[PDB]
Each structure stands twice: as structure tokens, then as C-alpha cells.
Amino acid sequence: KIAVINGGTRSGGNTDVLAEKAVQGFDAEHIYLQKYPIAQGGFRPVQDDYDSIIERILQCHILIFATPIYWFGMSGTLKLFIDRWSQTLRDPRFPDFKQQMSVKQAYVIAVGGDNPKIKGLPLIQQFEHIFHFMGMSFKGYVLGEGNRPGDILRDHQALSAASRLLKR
């Protein structure tokens, strides 16, 4: 039903925390985009399980893209994941990808430490163009403030915004 595509870190990370507030209680598909060390910028995304991820995403009506804001954009893992949709749109193993994605609802959770409420707007507008291209309805988002793990818990505005993320 609901999938959370996490392009941040895991266990404690501000991205994980905010996402849990948004999907609390649901039996949501939790996707974590893998990355291997070569810490921000110290990794390289791993996409060995990309097809498995697409398979899971296709079964979900609601998609929540959760990401830290790196250099005023999304994470390296989420950027390489979305860029690969270009390949999937030409993939015979997922012949109805465009149509299937077009009926889904999308949400975004992004956390940054440099006045995200303002400096994170270009990223939200970028997501707007991405979803519009796919015909996906961009239903809502949350911009949260945080630098180190767990500091999002101090952004009460973001915590309550995430809890009220899913439209009703």
C-alpha cells in the first residue's frame, strides 16, 4: 500500500525518524537505498537490488521519498535511483511502468541543516517537475531541520508536519 523510499542513513537518522512519524502504524514497504564506503560523500550507491525495489514500488499506491538535503539537492543514492527511471521507462520487464507510476501519489520528506525551509525549496520544485513528468500527484512534503542524528526531534514543527503528512 505505502512505500517509504529512504535515501538517507538508517536507525536514528533524521530521515528515518521523520518517515516513521508519517507512516506510523501502517504496514509500509520500507526501502533503503544501499550505499557502500569508498561520512556524507564517503559512499558510492549500490544498485544491485534495483529491480527488486522497482517491483516493490509498483505494488504501492502511495510513495514517500525521504532524503537528506546534500548540497541543496537530494542524496546521491536517491538521485541515481530516480535517474535510472529513464532505463526502466525503456525496460521490457516493466512494460507498463509509466502508466503504473502515473496513478500513484507522491510525498517528500527532506532534512537539511542549512535553513531548509528556504534553501530546500528548489529541491521541492525539482521533485514537482519529476512527479509531474511521471503524472504522479505530488500530495505533500515536509522540510525539516537537522545536522546530526536525532536532532530532528528538536524540530517540533517538522515532527508534527510529518505526523500529519498523509492527506485524509
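Start at 1 with the first residue shown and count on from there.
Enquirer: Per the entry, where is the mean C-alpha temperature factor higher: 156 to 164 or 143 to 151?
Expert: The recorded data point to 143 to 151.
Enquirer: Quick check: 121 to 129 versus 49 to 57, which has the larger average CA B-factor in the record?
Expert: Taking the mean C-alpha B-factor of 49 to 57 and of 121 to 129, the larger value falls to 49 to 57.
Enquirer: Among the choices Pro68, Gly41, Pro116, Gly135, identify the one whose CA B-factor in the record is greatest.
Expert: Highest CA B-factor of the listed options: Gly41.
Enquirer: Going by the entry, which third of its chain does the Cα temperature factor of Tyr36 land in?
Expert: For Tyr36, the deposited C-alpha B-factor lands in the highest third.
Enquirer: According to the PDB entry, is the CA B factor of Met101 in the bottom, middle or top third of its chain, that is, lowest, middle or highest?
Expert: Middle third of the chain for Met101's C-alpha B-factor.
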